[PDB]
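Heads up, the chain shows up twice below as structure tokens, two forms, tagged structure 1 and structure 2.
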Structure 1
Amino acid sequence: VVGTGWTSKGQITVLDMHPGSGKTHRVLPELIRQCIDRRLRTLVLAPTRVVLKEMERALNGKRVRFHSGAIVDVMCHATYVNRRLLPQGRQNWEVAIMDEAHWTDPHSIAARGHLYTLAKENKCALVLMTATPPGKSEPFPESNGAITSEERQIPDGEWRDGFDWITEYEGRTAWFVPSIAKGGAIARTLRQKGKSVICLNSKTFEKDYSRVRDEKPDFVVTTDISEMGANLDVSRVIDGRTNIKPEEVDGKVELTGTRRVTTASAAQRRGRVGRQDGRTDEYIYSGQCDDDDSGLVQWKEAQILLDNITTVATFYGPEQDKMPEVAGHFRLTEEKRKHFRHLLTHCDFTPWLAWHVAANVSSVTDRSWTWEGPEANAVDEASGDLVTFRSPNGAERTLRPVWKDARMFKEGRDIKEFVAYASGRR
């Protein structure tokens, strides 16, 4: 598609080839062959470990280093951002290639934002590879094989009858769901109808991707995690086109209700099928898309990260409209950024929560923030009693944090791990 000079400082090349085009398995190994030939220092950003592992098989290259005397470094989107949180490492590359570059994960937004910023200042060349570049997006893009798309009502939880087309189907299905909890209700119903199911989400995906290929379940019930390069080997997608909606409301992060997926997400979920020439696959969907995701906390988290990996940076191109504050707003001091980093990489904190804690709390060892918040911030077990725990001096605390992020207590995180932190054990 691009001959040469794509590696010239300040060249931003968007590889918006349709899904299954060969971006990951064909195009990428060719771009690395070139970069090694012309002896250019190259960074390749994969979205997840699964994709990273699959690049590691595709690239038996003697000048390639995989992160967890070679001139090509391959790491995850998150690894690149997280290392730049130490003013210490901050190694440089002339060529950056970012795979699955549509991802709205705050680390991905931040990464492509930083890289865009460098290339706009001619410190490097940037390749973004994705079926659905930020900007204009189409819900039914081209595929390697035909897809029959049809709108039908889709169950939003358990069901008994009237959706026989679900169970009567003869091949393997991927069913996208907005949340782990909704996932659990769909899965339980399918199993009661004698179908095999594997669930995939933020929690299970790095571990359980592999089982799909190995076990060939009737159904994969998956969150939006499978939108960044998973090959589920299915002939049908069911897609209610909803997503969970993490949003900062009244100084707290809430996880209630759903939003409609962006057109990019709808495209990517459809994109799990239609990957093979000479077979028709189905995409069953309900309702329409909504590209205005500007309300989500992800933009603010992206700025938190971007503001702390620069020393004026923007998000990539169109996404700049969605940066919630003026660049730099979230920049921490060096000492506080260290605390921030530790909370992210060692305590599993969301960037939102890690920033509030790091910016506001006196010392790295204080835990009293986790019990001194307003009463309305107290965290309940699903059995309705408020969570309690013991500080090291044996004092009984009610978990009641100053900064309340609903993500720390469900959707793939457990109260138990936050209690470990709050009680000073971690």
Structure 2
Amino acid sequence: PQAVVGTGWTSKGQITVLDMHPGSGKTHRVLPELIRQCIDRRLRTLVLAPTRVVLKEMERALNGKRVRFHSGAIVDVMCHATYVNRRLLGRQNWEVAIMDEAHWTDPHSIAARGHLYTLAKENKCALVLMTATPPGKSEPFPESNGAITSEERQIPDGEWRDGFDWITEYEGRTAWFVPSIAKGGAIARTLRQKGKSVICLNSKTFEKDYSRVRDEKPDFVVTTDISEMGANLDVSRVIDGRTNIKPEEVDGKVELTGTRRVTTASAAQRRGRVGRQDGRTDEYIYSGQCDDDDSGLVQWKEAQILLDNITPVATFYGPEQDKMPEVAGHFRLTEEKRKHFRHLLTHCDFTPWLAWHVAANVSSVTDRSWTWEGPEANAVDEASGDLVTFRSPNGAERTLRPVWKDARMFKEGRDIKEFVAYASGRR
């Protein structure tokens, strides 16, 4: 097993960090043994999966055990977000908490591990954090079940014609990480015009396309960071430009332009898609260096927004506490405004940032006028260059011109049409 998970790890106030490399058995070997002990010792246990794919991983791994899975049992399994979102309202309590993929910089994930750390530090519970890359540790080349040959090469950032034959002359299957859906689209189009089979994985295509990968065995999986955790792509090569999109609050608005360098935790997950089989050598082809300074991203403000509203006094998981942008509690809402906040998160697909600004500032849950009364520069444009228009229930023609402008609502995985359903009062 692992050394620190013999006994006493289940003791209130005990925080155990399992730095375990990719493919080392966190989800399917360690976790079911932690759960067998928890059930034996009759300890109320929370298990947090980052995503639906890892949650189904856990269902197989915990098959034949009395466990309760959340979209008799004393073990509850649910997503990082599910945990945080239910605490935005008669709270359930657990004396043991296990967080799988505890490096994830999704704001729900940062908020969940901050809450659980704050509890463990108060002797309310025992916490286990499992990840290849514990927050604090900078290691882009962790250990692997088999060998990986890593080589720096120039990687195309978009369509290309000649000069990159090493890409198409490769005889195995590849996972190519791209910083955005749109960049993913341009790479896929070139690969198919070169006669390669491609499946694109991202927030729009995952639920329908991920299970085709096993079955169709495409030449290429062109994937965003959606495939960094619990995606089994069964490839022999990763291509990794080591970039990601960077949602950033700039002049009171959330922008989504350009890229940043990935963190080491991200590079390590991307590389970790390969080298999962002893006695096989796989390839990791990358371009450039990593950047662990992600303190500028809106994710940290979004994490405080969530943590401030599920909580004394709470901090982020110790090593991340430096990236909390304001003093603890800054973002706490009244109970009534928190209800509205939760509704916008869970029912309207809002970002934490947008949901907080609306719930904090808008008198009533029925108001939609904030969607057209913003400053002129906040107007939202269709691909054809015209400003989006819609009709309020009284037939008034509106221009989509929100007071609080979050680019994430209008591209990269979200559609203007779904925001208009909200803005038009069809919600």
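The term rigid core refers to the maximal set of C-alpha atoms that superpose within 1.5 Å between the two forms. The first residue in the sequence of structure 1 is number 1, and each one after it adds one.
- For the residue set 205, 219, 299, 330, core-aligned C-alpha shifts between structures 1 and 2 reach 2 angstroms or more at a single site, 205.
- Shown is the Cα shift of residue 61 between structures 1 and 2 after rigid core superposition, which amounts to 3.9 Å.
- We note a C-alpha movement of 1.6 Å at residue 228 between structures 1 and 2, with the rigid core held in register.
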